[PDB]
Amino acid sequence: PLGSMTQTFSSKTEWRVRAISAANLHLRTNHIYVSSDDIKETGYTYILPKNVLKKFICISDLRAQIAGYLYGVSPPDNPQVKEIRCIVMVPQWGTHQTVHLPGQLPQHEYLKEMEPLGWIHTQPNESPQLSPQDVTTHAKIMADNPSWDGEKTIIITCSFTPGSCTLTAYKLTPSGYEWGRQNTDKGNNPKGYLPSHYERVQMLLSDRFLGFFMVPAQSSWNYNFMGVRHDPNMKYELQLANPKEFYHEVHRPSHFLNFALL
């Protein structure tokens, strides 16, 4: 009836479409918005410098989440304000739902006189609620690291809203910290997850000061093409340098060596 062998399949890798899409991320850095109305006034006010935030958007991907650790201090006379001074990129991989950081926290001389303020991460879709997995990730970090106090550390989400980027920031609750430790359900709606597990914090973008980045000494930060070489127990040290974009050549050496291989 039908003559088969009619048409031949042609491989169309999906990472190419995202690589082309990642090259236009710089346009979103001119229109970055912060969730405003809040409930307000109270906690610490976290001030994020624009230069590292724009760089954090440029090195990311539209669907695979990336994360960086927050470090900073307070102004000399104003303890209720937290200026974010450094973002640390560590070996990581992620999905559309979460990221996978190692167990070890950043440890370096430059950061020892700064206090950790939490972590910032991207996500594809703007959401009204903090991710239940973000609550689990933040709580499991607090359980293993007493330097992360629940009243001092936050979770900044950089949502990809069409032609823009929206920043909302949350902190954990004692109820949220307690449930996040026990949670072994990665599903998008586990049992026990409630809106009572977090609150919003006030966040301000500033041009008055500049932050800086810290990246792995050897290595790099993006392991989304080398997930085998990523392990939760992996160790790493840092250097004072700016990070490479997501699809930089050093993050996907197999694409360059397997193409050259005959």
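In this text, residue numbers run from 1 along the sequence as written.
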*Taking the mean of the C-alpha B-factors per stretch from the entry, tell me the winner out of 87 to 95 and 157 to 165.*
157 to 165
*Which has higher Cα B-factors on average according to the PDB entry: 238 to 246 or 16 to 24?*
16 to 24
*In this PDB entry, which of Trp221, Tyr69, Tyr44, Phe213 has the top CA B-factor?*
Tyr44
*By the entry's C-alpha temperature factors, tell me which of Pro76, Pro102, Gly150, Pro116 sits highest.*
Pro76
*Relative to the other modelled residues in the chain, which third contains the C-alpha temperature factor of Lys82: lowest, middle or highest?*
middle
*Should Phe56 be placed in the lowest, middle or highest third of its chain by the C-alpha B factor in the entry?*
lowest
*Entry-reported Cα temperature factor of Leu194, expressed as the chain third it lands in*: highest
*asked:* How does the C-alpha B factor of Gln107 compare with the rest of the chain: lowest, middle or highest third?
replied: middle
*asked:* By the recorded C-alpha temperature factor, relative to the other modelled residues in its chain, which third is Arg200 in?
replied: middle
